[PDB]
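S.K.: Here it is, the structure, as structure tokens.
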Amino acid sequence: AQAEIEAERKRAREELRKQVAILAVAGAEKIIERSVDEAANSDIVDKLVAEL
Amino acid sequence: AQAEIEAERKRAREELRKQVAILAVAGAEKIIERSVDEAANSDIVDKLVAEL
Amino acid sequence: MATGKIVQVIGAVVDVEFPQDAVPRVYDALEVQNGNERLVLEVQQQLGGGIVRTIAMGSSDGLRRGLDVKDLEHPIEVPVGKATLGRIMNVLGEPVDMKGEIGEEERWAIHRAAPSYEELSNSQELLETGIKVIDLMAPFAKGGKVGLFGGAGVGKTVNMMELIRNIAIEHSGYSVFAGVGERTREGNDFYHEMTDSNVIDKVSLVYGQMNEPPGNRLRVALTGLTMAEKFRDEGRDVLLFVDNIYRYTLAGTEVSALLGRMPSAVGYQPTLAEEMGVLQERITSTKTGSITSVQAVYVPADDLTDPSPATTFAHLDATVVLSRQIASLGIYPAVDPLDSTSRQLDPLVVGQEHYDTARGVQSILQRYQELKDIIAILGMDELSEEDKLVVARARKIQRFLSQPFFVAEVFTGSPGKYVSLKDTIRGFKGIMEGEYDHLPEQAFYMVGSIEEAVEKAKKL
Amino acid sequence: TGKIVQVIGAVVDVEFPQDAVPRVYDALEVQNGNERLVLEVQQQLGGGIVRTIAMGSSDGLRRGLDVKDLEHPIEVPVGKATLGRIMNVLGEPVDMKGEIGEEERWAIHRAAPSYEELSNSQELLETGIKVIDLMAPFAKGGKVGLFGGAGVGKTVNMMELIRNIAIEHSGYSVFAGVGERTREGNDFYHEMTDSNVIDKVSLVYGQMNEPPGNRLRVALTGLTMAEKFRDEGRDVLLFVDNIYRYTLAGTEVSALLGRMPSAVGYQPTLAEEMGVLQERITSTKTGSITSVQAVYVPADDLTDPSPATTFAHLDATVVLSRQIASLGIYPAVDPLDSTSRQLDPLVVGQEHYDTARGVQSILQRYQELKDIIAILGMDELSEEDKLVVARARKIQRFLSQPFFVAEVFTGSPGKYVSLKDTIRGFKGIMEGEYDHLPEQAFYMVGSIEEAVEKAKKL
Amino acid sequence: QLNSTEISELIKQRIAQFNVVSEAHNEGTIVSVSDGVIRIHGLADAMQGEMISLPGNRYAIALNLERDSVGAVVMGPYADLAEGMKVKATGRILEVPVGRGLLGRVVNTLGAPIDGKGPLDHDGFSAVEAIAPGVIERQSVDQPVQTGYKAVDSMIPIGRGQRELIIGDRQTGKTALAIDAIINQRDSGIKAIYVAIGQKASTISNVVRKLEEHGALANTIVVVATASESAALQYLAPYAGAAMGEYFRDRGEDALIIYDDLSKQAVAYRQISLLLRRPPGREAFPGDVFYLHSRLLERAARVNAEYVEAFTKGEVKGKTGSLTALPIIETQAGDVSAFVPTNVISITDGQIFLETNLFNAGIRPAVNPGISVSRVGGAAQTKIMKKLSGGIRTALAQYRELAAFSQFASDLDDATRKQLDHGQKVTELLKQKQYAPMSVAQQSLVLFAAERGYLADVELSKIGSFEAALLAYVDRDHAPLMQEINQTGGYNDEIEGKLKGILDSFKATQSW
Amino acid sequence: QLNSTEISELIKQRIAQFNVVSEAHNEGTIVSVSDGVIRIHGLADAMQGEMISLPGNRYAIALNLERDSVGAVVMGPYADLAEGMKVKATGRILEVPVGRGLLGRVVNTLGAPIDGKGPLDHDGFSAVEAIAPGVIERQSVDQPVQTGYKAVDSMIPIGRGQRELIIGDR
Amino acid sequence: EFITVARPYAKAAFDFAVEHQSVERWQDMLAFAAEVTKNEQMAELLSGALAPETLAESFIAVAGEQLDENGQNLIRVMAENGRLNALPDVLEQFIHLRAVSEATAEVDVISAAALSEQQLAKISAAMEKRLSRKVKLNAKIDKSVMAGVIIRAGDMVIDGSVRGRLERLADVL
Ligand SMILES: Nc1ncnc2c1ncn2[C@@H]1O[C@H](COP(=O)(O)OP(=O)(O)OP(=O)(O)O)[C@@H](O)[C@H]1O
Ligand SMILES: Nc1ncnc2c1ncn2[C@@H]1O[C@H](COP(=O)(O)OP(=O)(O)OP(=O)(O)O)[C@@H](O)[C@H]1O
Ligand SMILES: Nc1ncnc2c1ncn2[C@@H]1O[C@H](COP(=O)(O)OP(=O)(O)O)[C@@H](O)[C@H]1O
Ligand SMILES: [Mg+2]
Ligand SMILES: [Mg+2]
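Chains as they are written, first to last, in the deposited numbering: chain Y, 105 to 156; chain X, 105 to 156; chain D, 0 to 459; chain E, 2 to 459; chain B, 2 to 513; chain C, 2 to 171; chain W, 2 to 174.
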């Protein structure tokens with residue numbers, strides 16, 4: 105009976121962990137799209153061509 | 105034991121609402137080299153907070 | 000707007016050329032206007048160059064090269080839920096009865112994956128069918144597969160109607176019937192026997208009549224299964240009847256040969272075990288509800304080694320055999336207690352009282368068969384008192400496996416009986432250990448509970 | 002100088018300049034990451050394309066790798082330096098000992114000896130085994146084949162023949178491992194080293210875990226060493242661990258070479274591939290190879306084309322059967338199918354010949370009675386048909402024998418039976434001088450004496 | 002304690018780990034899709050046996066490098082792929098997570114977990130295709146693997162690093178025997194792996210729940226490919242399982258691996274092979290079907306200490322590792338002479354043959370002697386088990402043959418009568434219940450009582466009672482000997498004398 | 002879609018001159034070698050069943066005449082041959098030494114002595130493939146061929162000019 | 002699809018065209034041959050079962066402004082094997098063989114923002130250091146990248162798009 109309860113802790117812990125991770129990238133998507141319509145692009149591409 | 109998990113399930117998700125906002129902001133500034141001043145971003149993270 | 004064009008028509012197989020960026024995915028559905036009728040195509044293979052190979056869900060006659068093909072971006076979708084009870088549909092979920100258009104609050108695609116590992120029920124419940132022979136000798140797991148290994152003549156359909164009745168009344172389940180490759184005649188008079196027995200409002204009918212092209216017959220099995228998946232998702236326990244699982248296998252062979260894939264084994268398709276697994280693994284008990292299935296099985300050449308039987312028997316849990324001889328005795332239902340089996344008969348799942356009782360009546364009936372050969376060659380004078388006691392109890396057990404159905408009242412005129420599992424265990428425990436030896440065997444025939452047997456006896 | 006241009010399974014296609022294309026069977030070489038891979042050329046296609054079988058793992062090949070053309074066949078270490086050592090198909094050392102100090106290397110592809118060079122001998126070779134040199138005696142310098150399905154004693158019999166023949170053989174011995182369990186090979190190597198006989202045995206292993214090109218060519222490497230010891234003028238033993246695997250590794254490759262399938266899906270060239278190996282494992286006027294070959298028969302089917310074409314290449318054939326092994330009778334030899342070229346009145350003498358034909362005649366007549374015995378049982382037989390059945394069952398049990406390699410299984414001590422002693426026993430049973438002993442007395446006894454002694458113990 | 006902070010800090014670590022600097026990769030386009038086979042144009046830098054990463058988190062395996070295309074098979078649901086999608090080449094050859102942190106997990110054949118227990122901890126990756134240790138790197142097998150069951154430990158002993166086929170018809174106890182072997186290693190220090198190929202998901206979940214019910218689950222890895230999943234996942238399922246088992250072998254530990262149906266793997270490979278139009282052979286399998294099962298099973302090995310030292314760069318000295326394999330084959334109507342059964346019988350070190358006629362007669366586990374064998378032999382037994390078992394196998398085979406002729410006519414000559422009584426009492430003594438394993442001290446008493454004649458005067462209907470009372474008698478009083486025989490399986494004249502006194506006193510003094 | 006021995010340097014020769022010169026129709030080049038079958042390009046005058054001469058002293062038989070290919074089988078050790086070797090068609094069908102002096106000899110199928118007793122004393126050559134005597138050129142079989150086995154010469158007689166199958170297992 | 006049978010003809014034509022220096026004439030010759038293949042009335046003809054020789058000389062008559070001694074010869078060889086529908090693919094492989102021999106490559110630049118000329122300039126220098134070949138950059142504007150630049154040297158891709166960096170982050174978690 106104890107091992108059955110221990111598996112439920114693991115399953116709850118992972119269930120919540122999954123949700124925070126999708127919400128983080130969903131937030132970064134919305135944050136980035138609004139905030140990058142600038143010469144900030146020029147910053148990224150200059151580093152890329154320097155690395156390229 | 106399951107009923108004890110139900111109580112913590114409510115408590116844990118409310119904590120991750122507020123922590124999701126911090127992680128999403130940190131991940132966006134990881135993804136683009138230049139950081140963001142949050143000027144129009146409060147309304148964005150608050151919708152993230154509200155869903156969880 | 001339509002955007003593909005037919006490039007080839009070779010019998011039932013139709014090839015279509017879409018633009019290079021818009022190529023349909025596998026099992027997508029397409030529509031063409033074949034004269035003044037639409038025809039649906041199901042995609043099977045993406046060849047190169049934007050050409051896609053499909054099979055026609057209907058007659059390919061009258062298709063030209065150069066027709067315009069319209070791309071539905073989903074698989075074949077069918078109506079689901081309560082609005083489909085008592086209706087008759089084809090493969091496509093169109094009404095083939097003339098009762099007109101269906102309600103259709105929702106439509107679902109026929110193609111899905113099975114339940115995932117965390118969705119399966121963490122328990123192993125039984126289904127209480129209400130029939131004494133079945134619930135004792137061949138109990139059903141809830142969400143199991145059962146094979147009906149009997150030929151017609153024996154009550155197959157009345158047994159099917161009795162299960163439909165008991166699961167609708169004595170539980171709150173619905174049923175779906177899938178007529179895979181059925182003769183149109185038997186499809187017609189199965190519908191009338193259900194409508195004239197008031198079970199029709201509690202079952203949905205999808206019929207694939209044999210005169211339809213092979214692609215129709217294969218996909219009908221999936222149309223039934225997706226309707227049962229809806230009733231499961233509503234939280235019910237559901238029965239799915241498949242009118243022949245062999246005809247699903249053979250429809251998959253014919254389609255595979257039309258597509259030109261190399262044959263396997265005894266000329267079957269190479270995908271035989273996968274296509275059976277794709278059907279049978281959707282029929283399970285989940286954490287919301289379950290689908291139990293009862294499947295008619297035909298064994299080719301009487302050969303249990305042939306790949307179709309050998310593949311099917313990997314999936315069956317119980318196995319009910321119906322007998323012409325038991326019907327000749329007048330014993331109904333005509334289940335054979337010695338060849339019917341279930342892998343739910345173990346103490347670890349069914350418990351030791353039920354296991355011991357089922358093992359007991361099997362031993363008594365087997366011993367009786369041997370004694371009945373000795374009687375045939377040498378008469379009853381050879382039997383000892385122990386043998387006469389065994390023969391007597393065996394006749395009482397045989398009588399008491401009979402039952403009156405609410406479906407059979409048309410003939411017997413007796414009211415039907417639903418017998419709980421406890422009452423069957425009490426009855427056979429009693430008869431085996433020699434209680435009720437003092438009342439005659441005809442008191443047990445067609446009666447009901449064992450408490451009803453003695454009350455029959457009192458004036459018999 | 003060439004580039005890989007296709008890679009299908011174990012088969013690799015390479016493109017070369019038109020003036021530089023390799024000959025057939027030349028060896029190519031490729032860097033496969035940190036490994037070296039050898040490719041053997043099978044076919045020349047049009048246009049400087051050449052198609053090859055990889056002598057190693059094909060995984061990790063890209064297209065466009067540079068291939069180097071070594072302008073000679075696969076060549077292996079040969080001669081007295083190859084003795085007591087374990088080798089790859091490629092002749093590389095596989096024991097942890099150092100380099101092989103070879104003075105000479107030979108190509109593994111060779112022609113068979115001329116018809117003018119062959120030689121014949123009637124000299125019987127005696128073995129410890131009652132049934133084998135009663136029913137299928139074999140001679141110095143001849144070929145022996147053990148046929149059987151899976152798990153019927155092909156290996157145990159060959160391991161007894163290694164023990165018993167090495168009693169009277171002084172010269173060197175070669176063992177080709179083609180497609181058999183590695184564990185066996187390791188057990189055999191430790192048996193040979195712990196008994197110090199290893200100093201006279203040369204071993205080639207290409208076991209069943211290795212990819213098809215190894216298993217095909219490793220048989221030829223084993224022969225090429227035995228052909229050196231023969232051409233030095235010695236007389237030699239060659240044991241081949243399972244010759245069926247050579248033809249099967251040819252089947253696994255054949256369709257990838259672009260050849261239409263033949264018969265039960267075999268390669269069309271099956272009978273030539275089998276002949277071109279078997280015809281060079283022979284004795285000659287300079288020296289002699291004596292060889293025992295195991296021949297697996299798939300699904301117990303003695304009529305499959307691979308077993309069927311192998312039967313023509315052998316002098317003595319011993320046919321094992323599962324039905325006899327299931328009755329406990331070991332060695333599970335079938336006296337009604339096992340035969341030899343050497344069972345002639347002139348070669349073995351009349352008494353041996355007449356005893357062997359007597360045993361076959363009785364055992365065949367017992368087979369003719371089994372259908373009536375099956376339906377009606379024995380009481381409906383004729384009164385001398387009951388006597389035939391009683392002698393045949395005693396003969397069946399007296400063919401069984403304890404083996405010194407089977408003590409790990411039976412636990413019973415092993416037995417060696419001389420030819421004179423076995424023919425006297427069978428002749429005495431057929432004359433009926435033992436017709437008063439029970440059947441169980443004949444089971445697992447070395448000599449007739451031991452049967453009468455065992456009948457005294459019941 | 003479930004803690005929200007430690008989840009947040011873990012995500013913060015992954016956000017900190019992420020590398021923004023990109024890498025050039027070689028690319029290709031899907032050209033064709035059918036039945037899980039793919040044809041790709043591009044991928045000039047691909048290698049055979051590579052993993053191609055597709056849209057989604059799915060992968061495909063590169064099978065053929067044609068002149069102007071790659072042929073590949075999709076490892077998952079293939080149906081949402083389309084012509085023109087881009088695919089990316091990972092430099093990895095097909096790899097599977099490996100390590101001891103896998104114990105207690107249910108895992109897909111790609112190594113992704115199927116259970117709810119979250120992301121995996123692994124000690125890197127191991128390659129799915131490997132060639133086994135060569136002939137010089139093996140060692141002889143000389144240590145037991147004790148199952149629960151009187152019948153197989155006495156008659157068909159299994160050594161550490163042996164390969165032992167479990168064969169029979171359906172519904173004969175093949176799985177029950179294999180999971181009872183797993184459970185009896187629960188305390189013996191041998192790690193276990195169970196690979197389910199083409200099985201029903203309901204059955205797989207019930208097996209896992211029975212492993213957990215007995216506490217064995219913490220010592221097992223479970224690898225799943227259900228009957229619903231694409232044929233490529235089934236075909237590669239046992240190769241993935243082998244790659245995890247090799248981790249323990251190469252570190253000098255012992256592991257036991259069960260392959261739940263190699264006949265179902267062969268069918269899946271036959272499907273893929275025929276969809277690639279490869280010319281079929283006998284019973285329509287390709288000739289590669291021997292090579293398929295050969296290269297799998299020939300990795301179940303025992304390796305000498307010089308291999309373990311050289312592999313582990315000297316971090317482990319003097320130990321010897323092993324991987325023990327019990328493949329299962331289902332055979333039609335008991336036919337031991339069909340193709341795939343005969344292929345695997347020719348790869349393993351023996352077979353345990355389970356007969357439906359015995360099983361239906363209630364003789365369970367239904368082991369058929371005479372067919373069953375262990376080529377490794379007694380070297381797998383403990384001395385006491387080796388000495389006490391002896392000829393019990395061949396005596397049972399002969400008793401079954403004698404019973405066949407004895408059914409046919411009456412010729413009873415007293416010693417026949419006693420031979421029949423003894424054989425009937427031994428078979429009634431060798432049947433045993435599921436999930437009731439008994440230790441070597443218990444088995445050696447049972448074998449001692451059978452062959453020292455003590456079951457004289459004992460009725461057949463009393464045999465099961467006689468043992469249950471005897472094992473309780475020795476559990477109650479002469480317990481210290483049991484602890485001695487279970488520690489060192491040593492057979493002496495001292496121990497034989499103590500056993501003789503125990504059986505003399507029980508037979509004389511007790512009742513059953 | 003697959004190629005048909007259309008290959009780069011041959012096509013470029015066709016580019017330079019499509020109506021390529023008559024040259025000799027007598028000769029050609031090996032383009033493939035495998036399993037003892039060779040494909041030859043050219044040989045416009047090769048007849049079906051004709052002997053083709055190969056480098057060294059070896060021959061092949063032309064069995065397939067196809068659209069710009071000849072398939073030929075090699076009558077000996079093939080593995081020494083290579084792509085781009087020249088070959089010349091003879092005028093000859095296969096012929097073999099024949100005569101009375103062959104009695105007591107052992108020969109291969111080309112009639113070369115294999116017993117080592119030295120060269121043959123044949124009586125000219127005969128074609129290996131020939132047509133049988135027609136219906137009007139036969140006569141009925143009436144003389145015996147004596148086998149010497151009681152069972153055969155009694156039950157199953159063989160006459161001069163009969164064709165008697167011996168059939169059985171190994 | 003004629004991708005595999007076109008190679009021999011593309012290679013043989015390119016070698017001959019190289020020997021006689023007329024590569025630039027051969028390409029216009031092949032482009033005209035590719036364009037006659039697409040005509041509505043001709044693609045019906047090419048599918049019919051006319052005899053090869055009759056088919057060839059009909060196509061050759063339409064193919065005025067081709068190098069009668071050499072360009073026509075190739076069409077004749079191909080038709081004699083009946084592969085003329087490979088000519089539009091032979092054209093592309095001819096262009097590729099030239100681009101290899103000229104040590105010259107074409108690569109594509111994709112971004113949501115139209116690139117400023119200094120960005121394009123530095124890319125061209127960088128790629129001509131990453132390659133031996135010269136590069137002709139092509140500008141494609143696609144809002145998909147959101148930010149950054151996608152470098153597409155045919156099969157070889159270097160990703161510098163934010164979106165790419167995002168959907169590569171989502172899988173780490
Ligand atoms: N003479 C014998 N006495 C007792 N048992 C034997 C004897 N011969 C064989 N056996 C039993 O049968 C087994 C099978 O024979 P063997 O070990 O030679 O395998 P095999 O028949 O060669 O099969 P494979 O071809 O796969 O090696 C032996 O290992 C042993 O278990
Ligand atoms: N020792 C035993 N005694 C009695 N019954 C047993 C025993 N072991 C197994 N069984 C019964 O055998 C039946 C089948 O068990 P199991 O599924 O393991 O056999 P199987 O042959 O592996 O089946 P399958 O072939 O479906 O995988 C079950 O009813 C099980 O309870
Ligand atoms: N419980 C029952 N009572 C009376 N008759 C029955 C009963 N069960 C079956 N029968 C009879 O069995 C016969 C065949 O039944 P049916 O369902 O038509 O079988 P099938 O449809 O397979 O031919 C019919 O005469 C039916 O009345
Ligand atoms: Mg063997
Ligand atoms: Mg099982």
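Just so it is clear, CB atoms sit at the ideal spot from N, CA and C, and this is done for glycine as well.
Checking contacts by CB at 8 Å: is residue 28 of chain B closer than that to chain Y?
M.R.: For residue 28 of chain B, the answer is no, since every Cβ of chain Y falls outside 8 Å of its Cβ.
S.K.: Does residue 306 of chain D come out as helix, strand or coil in the three-state DSSP assignment?
M.R.: Looking at residue 306 of chain D - three-state DSSP - the assignment turns out to be helix.
S.K.: Which word fits residue 183 of chain C, buried or exposed, when buried means at least 16 other C-beta atoms lie within 10 angstroms of its C-beta?
M.R.: No answer is possible for residue 183 of chain C: it lies beyond the span of chain C, which begins at 2 and ends at 171.
S.K.: Short check: CB of residue 91 of chain C to CB of residue 51 of chain C, under 8 Å?
M.R.: Yes. Within cutoff.
S.K.: Report the partner residues of residue 45 of chain E according to the DSSP bridge assignment.
M.R.: For residue 45 of chain E, which the question treats as bridged, DSSP gives the partners E:51 and C:34.
S.K.: Any beta-carbon of chain B closer than 8 Å to the one on residue 332 of chain E?
M.R.: No, because no Cβ of chain B sits closer than 8 Å to the Cβ of residue 332 of chain E.
S.K.: Under 8 Å Cβ to Cβ from residue 30 of chain W, same chain only, skipping five residues before and after it: list those, please.
M.R.: 66, 67, 68 and 72.
S.K.: How is residue 346 of chain D classed by DSSP in three states: helix, strand or coil?
M.R.: Helix.
S.K.: Assuming residue 85 of chain W and residue 38 of chain W form a contact by the criterion Cβ under 8 Å, report the distance between their Cβ atoms to the nearest whole angstrom.
M.R.: The Cβ separation is near 7 Å, so the contact holds.
S.K.: For a test of the three-state rule: what should DSSP assign to residue 490 of chain B, helix, strand or coil?
M.R.: Looking at residue 490 of chain B - three-state DSSP - the assignment turns out to be coil, as it is neither helix nor strand.
S.K.: Determine the contact status of residue 163 of chain E and residue 319 of chain E, defining contact as a CB-CB distance below 8 Å.
M.R.: Cβ atoms of residue 163 of chain E and residue 319 of chain E: not closer than 8 Å.
S.K.: Let me know the secondary structure DSSP gives residue 513 of chain B once reduced to three states.
M.R.: Looking at residue 513 of chain B - three-state DSSP - the assignment turns out to be coil, as it is neither helix nor strand.
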